[PDB]
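Student: This is coords09.pdb, which holds PDB, C-alpha atoms:
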ATOM      1  CA  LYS A   1     -13.569   3.165   7.031
ATOM      2  CA  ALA A   2     -11.984   5.982   5.004
ATOM      3  CA  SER A   3     -12.867   5.696   1.324
ATOM      4  CA  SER A   4     -10.055   5.517  -1.225
ATOM      5  CA  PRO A   5      -9.742   8.450  -3.701
ATOM      6  CA  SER A   6      -8.444   8.254  -7.294
ATOM      7  CA  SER A   7      -5.482   9.023  -9.584
ATOM      8  CA  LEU A   8      -2.901   8.808  -6.817
ATOM      9  CA  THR A   9       0.559   7.330  -7.099
ATOM     10  CA  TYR A  10       0.673   3.580  -6.521
ATOM     11  CA  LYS A  11       2.569   4.449  -3.352
ATOM     12  CA  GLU A  12      -0.145   6.870  -2.186
ATOM     13  CA  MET A  13      -2.797   4.323  -3.166
ATOM     14  CA  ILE A  14      -1.378   1.851  -0.669
ATOM     15  CA  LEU A  15      -0.670   4.605   1.867
ATOM     16  CA  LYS A  16      -4.387   5.412   1.755
ATOM     17  CA  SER A  17      -5.604   1.807   1.955
ATOM     18  CA  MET A  18      -3.064   0.660   4.567
ATOM     19  CA  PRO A  19      -4.561   2.643   7.548
ATOM     20  CA  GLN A  20      -7.923   1.172   6.564
ATOM     21  CA  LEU A  21      -6.661  -2.412   6.645
ATOM     22  CA  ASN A  22      -6.225  -3.496  10.287
ATOM     23  CA  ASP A  23      -5.871   0.172  11.285
ATOM     24  CA  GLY A  24      -2.630   0.330   9.312
ATOM     25  CA  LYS A  25      -1.048  -2.397  11.413
ATOM     26  CA  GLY A  26      -0.381  -4.550   8.379
ATOM     27  CA  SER A  27      -2.063  -6.775   5.819
ATOM     28  CA  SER A  28      -1.044  -9.582   3.469
ATOM     29  CA  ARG A  29      -0.276  -8.688  -0.159
ATOM     30  CA  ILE A  30      -3.394 -10.562  -1.283
ATOM     31  CA  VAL A  31      -5.519  -8.595   1.182
ATOM     32  CA  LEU A  32      -3.893  -5.326   0.135
ATOM     33  CA  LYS A  33      -4.051  -6.073  -3.589
ATOM     34  CA  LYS A  34      -7.695  -7.114  -3.311
ATOM     35  CA  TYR A  35      -8.434  -3.914  -1.428
ATOM     36  CA  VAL A  36      -6.447  -1.668  -3.721
ATOM     37  CA  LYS A  37      -8.024  -3.200  -6.841
ATOM     38  CA  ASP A  38     -11.492  -2.971  -5.281
ATOM     39  CA  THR A  39     -11.287   0.619  -4.056
ATOM     40  CA  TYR A  40      -9.258   1.750  -7.054
ATOM     41  CA  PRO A  41     -11.142   0.475 -10.163
ATOM     42  CA  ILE A  42      -8.263   1.580 -12.403
ATOM     43  CA  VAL A  43      -5.877  -0.828 -10.716
ATOM     44  CA  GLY A  44      -8.626  -3.432 -10.710
ATOM     45  CA  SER A  45      -9.019  -3.271 -14.479
ATOM     46  CA  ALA A  46      -5.258  -3.054 -15.003
ATOM     47  CA  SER A  47      -3.652  -6.489 -15.103
ATOM     48  CA  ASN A  48      -0.176  -4.956 -15.274
ATOM     49  CA  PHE A  49      -1.057  -3.155 -12.027
ATOM     50  CA  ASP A  50      -0.249  -6.209  -9.942
ATOM     51  CA  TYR A  51       3.413  -6.028 -10.954
ATOM     52  CA  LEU A  52       3.559  -2.273 -10.368
ATOM     53  CA  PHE A  53       1.916  -2.952  -7.012
ATOM     54  CA  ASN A  54       4.883  -5.077  -5.917
ATOM     55  CA  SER A  55       7.245  -2.446  -7.332
ATOM     56  CA  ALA A  56       5.484   0.287  -5.357
ATOM     57  CA  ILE A  57       5.941  -1.642  -2.113
ATOM     58  CA  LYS A  58       9.593  -2.247  -2.938
ATOM     59  CA  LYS A  59       9.993   1.515  -3.302
ATOM     60  CA  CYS A  60       7.989   2.109  -0.127
ATOM     61  CA  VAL A  61      10.167  -0.119   2.086
ATOM     62  CA  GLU A  62      13.352   1.858   1.340
ATOM     63  CA  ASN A  63      11.327   5.053   1.676
ATOM     64  CA  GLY A  64      10.002   3.921   5.040
ATOM     65  CA  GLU A  65       6.442   4.283   3.801
ATOM     66  CA  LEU A  66       5.693   0.580   4.100
ATOM     67  CA  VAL A  67       7.588  -2.140   5.921
ATOM     68  CA  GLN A  68       7.668  -5.799   4.931
ATOM     69  CA  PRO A  69       9.465  -7.905   7.583
ATOM     70  CA  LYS A  70       8.848 -11.233   5.848
ATOM     71  CA  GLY A  71       9.933 -10.277   2.352
ATOM     72  CA  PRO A  72       8.047 -10.663  -0.963
ATOM     73  CA  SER A  73       5.374 -12.869   0.565
ATOM     74  CA  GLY A  74       4.332 -11.815   4.045
ATOM     75  CA  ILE A  75       2.514  -8.817   5.430
ATOM     76  CA  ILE A  76       2.702  -5.178   4.380
ATOM     77  CA  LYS A  77       2.751  -2.877   7.394
ATOM     78  CA  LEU A  78       1.931   0.823   7.234
ATOM     79  CA  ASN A  79       5.116   2.249   8.720
ATOM     80  CA  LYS A  80       4.678   5.942   7.874
ATOM     81  CA  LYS A  81       6.763   6.837  10.914
ATOM     82  CA  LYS A  82       9.663   8.839   9.465
ATOM     83  CA  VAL A  83       7.151  11.596   8.731
ATOM     84  CA  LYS A  84       4.908  13.047  11.434
ATOM     85  CA  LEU A  85       5.703  16.768  11.749
ATOM     86  CA  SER A  86       8.472  15.859  14.186
ATOM     87  CA  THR A  87       9.221  19.504  14.989
TER      88      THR A  87
END
When written as structure tokens, how does the structure in this file appear?
Tutor:
Amino acid sequence: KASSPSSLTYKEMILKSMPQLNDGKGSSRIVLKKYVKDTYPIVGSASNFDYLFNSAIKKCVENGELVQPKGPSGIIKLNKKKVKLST
């Protein structure tokens, strides 16, 4: 599907990959991480990334960017609903 760019925020990185994974319906952290690390070589090389990855999602859920109904382990859903040119 849509190729992932580079040098985005960890939030934007997921926001780009999410719609690709299951049409942005949602994907497990392993699936997402594997995808993010694969499409973004910088996060692939970075071992510390994986922690920041979890931190990014944590920031996303309050932001309404991503939603994680299960919790830490579960499935990251591309919410991206509280922003859609609603005017």
Student: Step by step, work through what the PyMOL selection byres ((chain A and resi 31) around 12) selects in the shown file, and finish by giving those residues as a list in words.
Tutor: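 Selected by the PyMOL selection byres ((chain A and resi 31) around 12) in this file: residues 14, 17, 18, 20, 21, 22, 26, 27, 28, 29, 30, 32, 33, 34, 35, 36, 37, 38, 73, 74, 75, 76 and 77 of chain A.
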Student: So which residues get picked by the PyMOL selection byres ((chain A and resi 51-68) around 7) here, written as an NGL selection string?
Tutor: :A and (10-11 or 48-50 or 69-71 or 74-80 or 82)
Student: Enter the distance from CA of residue 13 in chain A to CA of residue 85 in chain A, in Å, rounded to one decimal.
Tutor: 21.2 Å
Student: Using all atoms listed in the file, which of A:87, A:25, A:39, A:19 sits nearest residue 3 in chain A?
Tutor: A:39
Student: To one decimal place in Å, what is the distance between CA of residue 1 in chain A and CA of residue 83 in chain A?
Tutor: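 These two atoms are separated by 22.4 Å.
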Student: N, CA, C and O atoms for range 37-61 of chain A, written as a compact mmCIF listing (two decimals), in the coordinates of the input, could you do that?
Tutor:
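Resulting contents of out15.txt:
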# COMPACT_ATOMS: atom_id res chain seq x y z
N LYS A 37 -7.30 -2.98 -5.59
CA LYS A 37 -8.02 -3.20 -6.84
C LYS A 37 -9.52 -2.91 -6.69
O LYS A 37 -10.16 -2.46 -7.64
N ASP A 38 -10.07 -3.19 -5.52
CA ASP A 38 -11.49 -2.97 -5.28
C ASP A 38 -11.81 -1.49 -5.14
O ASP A 38 -12.77 -0.99 -5.73
N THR A 39 -11.03 -0.79 -4.33
CA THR A 39 -11.29 0.62 -4.06
C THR A 39 -10.81 1.50 -5.21
O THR A 39 -11.41 2.54 -5.50
N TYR A 40 -9.77 1.05 -5.89
CA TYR A 40 -9.26 1.75 -7.05
C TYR A 40 -9.56 0.95 -8.32
O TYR A 40 -8.79 0.07 -8.70
N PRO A 41 -10.71 1.21 -8.97
CA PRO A 41 -11.14 0.48 -10.16
C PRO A 41 -10.11 0.47 -11.29
O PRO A 41 -10.08 -0.46 -12.11
N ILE A 42 -9.26 1.49 -11.35
CA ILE A 42 -8.26 1.58 -12.40
C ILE A 42 -7.20 0.50 -12.24
O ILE A 42 -6.78 -0.12 -13.21
N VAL A 43 -6.84 0.22 -11.00
CA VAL A 43 -5.88 -0.83 -10.72
C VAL A 43 -6.55 -2.20 -10.78
O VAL A 43 -5.90 -3.21 -11.06
N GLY A 44 -7.86 -2.21 -10.58
CA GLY A 44 -8.63 -3.43 -10.71
C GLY A 44 -8.69 -3.90 -12.15
O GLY A 44 -8.47 -5.08 -12.44
N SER A 45 -8.96 -2.97 -13.05
CA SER A 45 -9.02 -3.27 -14.48
C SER A 45 -7.63 -3.59 -15.03
O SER A 45 -7.47 -4.48 -15.87
N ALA A 46 -6.63 -2.86 -14.55
CA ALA A 46 -5.26 -3.05 -15.00
C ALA A 46 -4.69 -4.38 -14.50
O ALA A 46 -4.56 -4.60 -13.29
N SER A 47 -4.29 -5.22 -15.43
CA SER A 47 -3.65 -6.49 -15.10
C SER A 47 -2.18 -6.27 -14.78
O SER A 47 -1.61 -6.91 -13.90
N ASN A 48 -1.58 -5.31 -15.49
CA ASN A 48 -0.18 -4.96 -15.27
C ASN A 48 0.02 -4.30 -13.91
O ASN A 48 1.12 -4.31 -13.36
N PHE A 49 -1.07 -3.78 -13.35
CA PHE A 49 -1.06 -3.16 -12.03
C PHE A 49 -0.34 -4.03 -11.01
O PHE A 49 0.40 -3.52 -10.17
N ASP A 50 -0.70 -5.30 -10.98
CA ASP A 50 -0.25 -6.21 -9.94
C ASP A 50 1.27 -6.23 -9.83
O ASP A 50 1.82 -6.27 -8.73
N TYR A 51 1.96 -6.11 -10.96
CA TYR A 51 3.41 -6.03 -10.95
C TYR A 51 3.87 -4.69 -10.37
O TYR A 51 4.75 -4.64 -9.50
N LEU A 52 3.24 -3.62 -10.83
CA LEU A 52 3.56 -2.27 -10.37
C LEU A 52 3.28 -2.15 -8.87
O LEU A 52 3.99 -1.45 -8.16
N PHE A 53 2.28 -2.89 -8.42
CA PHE A 53 1.92 -2.95 -7.01
C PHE A 53 3.10 -3.42 -6.18
O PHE A 53 3.50 -2.76 -5.22
N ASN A 54 3.71 -4.52 -6.60
CA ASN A 54 4.88 -5.08 -5.92
C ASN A 54 6.06 -4.10 -5.98
O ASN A 54 6.80 -3.93 -5.01
N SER A 55 6.18 -3.43 -7.12
CA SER A 55 7.24 -2.45 -7.33
C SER A 55 7.06 -1.24 -6.42
O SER A 55 8.03 -0.71 -5.86
N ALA A 56 5.81 -0.83 -6.23
CA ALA A 56 5.48 0.29 -5.36
C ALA A 56 5.90 -0.01 -3.92
O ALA A 56 6.49 0.83 -3.25
N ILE A 57 5.60 -1.22 -3.47
CA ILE A 57 5.94 -1.64 -2.11
C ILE A 57 7.45 -1.67 -1.93
O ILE A 57 7.98 -1.21 -0.92
N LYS A 58 8.14 -2.19 -2.94
CA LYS A 58 9.59 -2.25 -2.94
C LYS A 58 10.18 -0.85 -2.77
O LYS A 58 11.16 -0.65 -2.05
N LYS A 59 9.55 0.13 -3.41
CA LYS A 59 9.99 1.52 -3.30
C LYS A 59 9.63 2.08 -1.93
O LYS A 59 10.34 2.91 -1.37
N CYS A 60 8.49 1.65 -1.41
CA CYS A 60 7.99 2.11 -0.13
C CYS A 60 8.88 1.66 1.03
O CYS A 60 9.04 2.40 2.00
N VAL A 61 9.39 0.43 0.97
CA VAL A 61 10.17 -0.12 2.09
C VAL A 61 11.47 0.65 2.30
O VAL A 61 11.84 0.94 3.44
